[PDB]
Structure formats: structure tokens, C-alpha cells
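A single chain comes next, written as C-alpha cells; it is the form deposited in one PDB entry.
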């Protein structure tokens, strides 16, 4: 198995840390690791074993350079991060230059993972670290969903015929209704290829750190098919 990492850089990260991060942006850099740093770090400690070559494709999405249309690679060319040590380091280099934007769709990151799978038909797990706030639609002229939620669901459906599992690592306050829906209720799906894990909730419990980290890791891999 190999890992793929996508990181949400949309503007909603500015306010989804109201309760869980003392009204600082989830991407704020300072004396203490923000929830994205914490997740990258713990993923490195607990899930990195499930990447066979320890090379990690990392992508960002939803900043002003990509909006809801594209992703960007952490490194020029098709060059990958060497371990989650470098994932974290590169995140910290990149964050100060980014203008957080939107709208929010998972279509571009899921399409990028589909391309990674075809560059390999080997099994992959895509890990998206995100605040859960995909663009919502209040409008009957739009149709049922926002175009972002429609495109995202369509990408999740298209990916479900590939050897790919998706894991949403949720950081911040939520709400988590949309992620829980992607987790449990996408009907046109070939198989259940989306798992939601509430990282911020798990890490806030009164248990030993190492037990919290293990609870996170197993919750993350809980829907990975039997055959692995």
C-alpha cells in the first residue's frame, strides 16, 4: 500500500478553530503546533508504516492559486516528500506564502489521487486533512447541492471503482455533518471508499497521548478492506 496526502487550505480554516484552537486560524503558525501540524505529526508516527517506500505525494488545495479547480504539489515536478518529517517541514515553509481561499471541493484532490493510482493500479490510501467545510448551497436555482458538493460526490463515486480508499482526518470544530454524509451515505458508490475520523475530538480525550494516537490510527484505517 502507498499513501497520498491532501491538505485543505480554504478560508473557512480561519473560523473553524473558534472553540478548539482559541479563535486562531487552524493554519496559524506559532509556539505550539496547530491542528494540521499535530495531525501530520501523528500520521507520521502511526500510519507511515503503510507507505512502502516512505515517499509521500503531498498536495494542497483551495488557496487562491487553485480555488476549487486544482491542487498544487508540495514540491516542483513530480517530486515527493521523503517521510512525514518532510511533509511537516514543507507544510511549515509553504503556509506563510498561501492566501487561503476557495470555494471548497474535494474533486481536485480525489482526481489527483486517481491519477496517482493510474501512475502506479496498485492500492492507495488518500488522506485528506481538512476542517470539513465543503461549500454549502442555499439556493433552489443551483439544483440540489452546491456545484462543489456535486463535483465532490461525483469524484467519490468515480474513485469507488479503483483500488483507492479515502480517509478524512477532521481537524477543528466542525460541524461534521457533511463528512459524516460522505462517510455513510453515498448511494451510487461501488463500495464504501470514504472514512471520516474526528482527529480533534480523539486527541482531546483524557487518555494517555500514546493511547489517543493509537485510537486515531486504528479509527483511520477502520474501513480499509479485509484483504489488507
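Only residues modelled in both forms are compared. Think of the rigid core as the biggest set of C-alphas that the two forms share within 1.5 Å after superposition. Positions refer to the first chain, counted from 1.
The same protein also has a form deposited in another entry, omitted here; what follows describes it.
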Threshold 2 Å Cα movement between the shown form and the other one for residue 97, core superposed: no
Is_shifted residue 137 between the shown form and the other one (CA, 2 Å cut-off, rigid core): yes
Direction of C-alpha distance change in the other form, residue 15 to residue 140 (at least 3 Å): closer
In the other form, shift in Cα separation for residue 173 relative to residue 138, 3 Å or more: closer
Core-referenced shifts between the shown form and the other one - contiguous stretches of at least three, CA at least 2 Å: 137-144, 225-228
